[PDB]
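Undergrad: coords please:
(one chain, ligands or ions: 1)
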Amino acid sequence: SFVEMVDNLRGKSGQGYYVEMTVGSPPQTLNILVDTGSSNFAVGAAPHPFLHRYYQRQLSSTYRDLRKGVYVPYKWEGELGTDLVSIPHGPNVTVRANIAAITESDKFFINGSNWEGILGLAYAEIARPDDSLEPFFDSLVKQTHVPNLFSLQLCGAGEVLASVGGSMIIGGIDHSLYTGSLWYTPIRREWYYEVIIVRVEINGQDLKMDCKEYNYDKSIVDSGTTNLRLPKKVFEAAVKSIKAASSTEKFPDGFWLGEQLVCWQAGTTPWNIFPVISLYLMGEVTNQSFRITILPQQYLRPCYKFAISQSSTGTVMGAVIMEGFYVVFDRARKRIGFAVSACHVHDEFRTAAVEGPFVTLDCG
Ligand SMILES: Nc1cccc(Cn2c(-c3ccc(Oc4cncnc4)cc3)ccc2-c2ccccc2Cl)n1
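TA: Numbers count the residues shown, from 1 in each chain. The coordinates are given below.
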């Protein structure tokens with residue numbers, strides 16, 4: 001019953017979405033960041049100023065040491081083992097999955113985020129230390145009859161950082177979580193959830209870039225990133241066009257650089273002066289595509305912060321993109337489906353949209 005997985009996600013704005021999980025025996029409860037942008041199940045397993053709980057291996061009778069360390073600079077560092085894992089508000093199963101017990105970390109955990117580890121939902125290829133460390137979801141599917149698919153409805157928010165909600169439906173698709181058609185873009189390669197963007201428009205205006213620029217050096221769907229991150233050249237074109245469209249009103253370039261906040265007080269926000277952004281993703285059919293269209297309500301995250309930023313690692317469709325939609329990670333069919341979310345934030349003139357198909361007469 002997917003009903004029981006509805007709203008199994010919580011988080012603070014900008015600090016990611018976590019699901020409750022239990023690890024070990026007896027079950028040690030922990031909040032775990034849902035991260036489609038990485039592939040390790042990595043959990044705090046030692047005291048840290050930002051941790052109010054951590055995984056305690058010695059407390060777990062079903063813990064098994066893999067006698068292998070793992071080091072991840074970017075840092076976090078830990079020791080590998082296995083243990084029984086469940087998601088109380090997920091499939092009614094328990095699996096023995098790999099766990100990176102994090103023993104020391106620098107700028108890994110986030111103060112006040114309220115999660116104690118990360119669930120890397122991406123593929124073995126980018127797992128640490130290497131691809132022999134089977135990711136959680138692979139273990140889950142292999143050990144249970146849970147379908148090789150999961151879907152994410154991230155709803156955002158709509159003194160303290162705003163609380164966000166969402167659902168991670170494991171093993172299938174919840175038709176109540178979206179309206180309209182699910183449109184699928186292929187997973188170009190199974191490492192990150194890599195996809196191809198073939199075109200992008202700001203208020204119907206084509207940036208008119210060689211589509212390779214959109215996926216330079218790659219495009220991924222990443223719940224573990226807050227912003228829509230864009231390659232340098234695409235970002236600059238995007239910002240230019242967004243500045244223009246919202247020319248009435250003038251903001252400090254500190255705002256466009258996404259470090260500064262802009263404020264109206266209150267309920268006065270001129271949404272209508274900010275353009276929609278349409279990302280066209282490659283269709284399942286060669287020369288087809290569909291667009292996902294997001295509002296300023298998504299890319300201006302709450303007083304607001306510009307949630308579009310520059311990337312040196314390709315396009316990252318982070319939370320603020322996914323928050324418009326119900327996103328199906330159809331691992332079984334190597335594709336990602338998008339549908340307008342039952343929870344996406346919109347006003348009485350615009351709405352996030354998934355629309356297709358659109359056609360073309362090499363974008364990777
Ligand atoms: N999608 C991405 C992208 C980059 C890294 C990661 C995971 N990660 C983090 C990390 C920590 C907290 C965090 O919290 C946020 C922040 N902003 C929004 N939402 C949640 C996000 C990421 C540190 C080191 C790694 C890492 C690196 C390599 C391999 C395996 C891992 Cl776990 N996931």
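
Undergrad: Not counting sequence-adjacent ones, nearest residue to the closest residue to the ligand within the stretch 151-300 of the chain?
TA: Using C-beta to the nearest ligand atom, the single residue of the stretch 151-300 of the chain nearest to the ligand is residue 224, 2.8 Å away. For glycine as for every other residue, the C-beta is placed from the backbone atoms N, C-alpha and C. What sits nearest to residue 224 in space, not counting adjacent residues and going by C-beta to C-beta, 6 or more residues apart in numbering, is residue 35, at 3.3 Å.

Undergrad: One more: residue 211?
TA: residue 363 (3.7 Å).

Undergrad: check contacts around that neighbour.
TA: 196, 197, 198, 211, 212, 214, 215, 282 (C-beta atoms under 8 Å, 6 or more residues apart in numbering).

Undergrad: at 10 Å what do you get?
TA: Taking C-beta atoms under 10 Å, 6 or more residues apart in numbering, we find residue 363 in contact with 188, 196-199, 210-216, 219, 280-282, 289.

Undergrad: Look up the closest residue to the residue nearest the centre of the chain, ignoring the ones flanking it.
TA: For the chain, the residue nearest the mean C-alpha position is residue 223 (0.8 Å; C-alpha atoms, centre = their mean). Excluding the flanking residues, the one nearest residue 223 by C-beta to C-beta, 6+ apart is residue 36, at 4.6 Å.

Undergrad: burial measure for the one you found, as a count.
TA: 26 (other C-beta atoms under 10 Å).

Undergrad: Residue 250 now?
TA: 8.

Undergrad: ok, residue 141 to residue 219 distance?
TA: 25 Å (C-beta to C-beta, to the nearest Å).

Undergrad: what's the answer for residue 75, then?
TA: 26 Å.

Undergrad: Name the residue in these two with the higher neighbour count.
TA: residue 219 (29 against 11).

Undergrad: Across the sheet, point out what pairs with the more buried one.
TA: With DSSP bridges as the criterion, residue 219 is bridged to residue 195, residue 315.

Undergrad: can you list the residues of the stretch 101-250 of the chain near the ligand?
TA: Applying C-beta under 6 Å from any ligand atom, we find that the stretch 101-250 of the chain lies next to the ligand at 108, 110, 118, 120, 128, 222, 224, 225, 226.

Undergrad: ok, and the closest non-adjacent residue to the closest residue to the ligand within the chain?
TA: Relative to the ligand, the nearest point of the chain is residue 37 (2.3 Å; C-beta to the nearest ligand atom). With C-beta to C-beta, 6+ apart as the criterion, residue 37 has its nearest non-adjacent residue at 3.4 Å, and that residue is residue 222.

Undergrad: My guess is that neighbour contacts residue 329. True?
TA: No - no contact is recorded between residue 222 and residue 329 when judged using C-beta atoms under 10 Å, the distance being 11.4 Å.

Undergrad: So for these two, which residues contact both of them?
TA: 36, 121, 122, 193.

Undergrad: quick revisit: could you measure from the residue nearest to residue 37 over to residue 193?
TA: Applying C-beta to C-beta to residue 222 and residue 193 gives a distance of 7 Å.

Undergrad: swap in residue 304?
TA: Taken as C-beta to C-beta, the span from residue 304 to residue 193 is 27 Å.

Undergrad: between those two, which one's more packed in?
TA: residue 193 (26 against 16).

Undergrad: Does the more buried one touch residue 281 like I think?
TA: No - judged on C-beta under 10 Å, residue 193 makes no contact with residue 281 at a distance of 11.8 Å.

Undergrad: okay, and the common contacts of these two?
TA: Joint contacts of residue 193 and residue 281 (C-beta under 10 Å, 6+ apart) are 185, 219, 221, 317, 336.

Undergrad: So which of those are in helices?
TA: Assigned to helices by DSSP state H, none of these qualify.

Undergrad: what sits up against the lengthiest helix in the chain?
TA: The longest helix of the chain (DSSP H) is helix 232-245. By C-beta under 10 Å, 6+ apart, the surrounding residues in contact with helix 232-245 are 197, 200-203, 205-210, 213-216, 228-231, 250-251, 253, 256-258, 273-277, 296, 299, 306, 308-312, 314-315.

Undergrad: coming back round to it: the shared contacts of residue 222 and residue 329: which two are farthest apart?
TA: 121 and 193 (8.2 Å; C-beta to C-beta).
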